[PDB]
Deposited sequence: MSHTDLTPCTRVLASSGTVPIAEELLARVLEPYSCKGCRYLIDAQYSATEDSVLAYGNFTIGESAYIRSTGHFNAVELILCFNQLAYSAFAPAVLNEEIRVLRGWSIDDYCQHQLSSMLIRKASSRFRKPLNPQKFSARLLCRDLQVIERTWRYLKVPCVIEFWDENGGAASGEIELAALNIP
């Protein structure tokens, strides 16, 4: 690993958009960062779906939901301790103002094996080769890789984000 924990209450701030909806599923997380890469791990629980009755399983909607929360979370301390080069110039204040409106999934790719236990599961996340793209929109493009597990069970994805304001 080589990863430090992230303070709850940085998390709780970052994920308040979901918590004020009872949709925070990330219990705690640990990160590590460089000039151009972040690695994070998180532990999750799903009490109830906000959107459908009750599947009694994991869903694909919740994979995404958990990826968002972890990515959101993993980039917080990086930005704060100013470890991401391309993002120096953002305070954490900047980051939390640009969460909802300014950070987008461009393309994504999911795979599903043994259905995850929505109750106790975990994820590992790695975003790499971050690079800024100027034009008709100027965005930081963020290639990500995530993997879930828990009872066996696994899922994964390669998702590319766009983050809209920067630097």
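In sequence order, the deposited residues that have no C-alpha coordinates form the ranges 1 to 15, 166.
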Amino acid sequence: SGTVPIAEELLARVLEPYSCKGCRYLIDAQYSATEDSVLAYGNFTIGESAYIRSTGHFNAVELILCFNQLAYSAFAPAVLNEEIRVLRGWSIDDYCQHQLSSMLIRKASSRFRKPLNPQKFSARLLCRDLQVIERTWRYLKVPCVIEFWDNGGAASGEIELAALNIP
From here on, numbers count along this sequence of modelled residues.
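Mean C-alpha B-factor is higher over 48 to 56 than over the other stretch, the pair under comparison being 48 to 56 and 99 to 107. If you average the C-alpha B-factors over 65 to 73 and over 133 to 141, the higher value belongs to 133 to 141. In the deposited entry, the Cα temperature factor of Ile159 places it in the lowest third of its chain's modelled residues.
When all modelled residues of the chain are sorted by CA temperature factor, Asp150 is found within the highest third. Remark: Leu10 belongs to the middle third of its chain, ranked by C-alpha B-factor as recorded.
Among the modelled residues of its chain, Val79 has a C-alpha B-factor that falls in the lowest third according to the deposited record. Sort the modelled residues of the chain by CA B factor and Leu125 lands in the lowest third.
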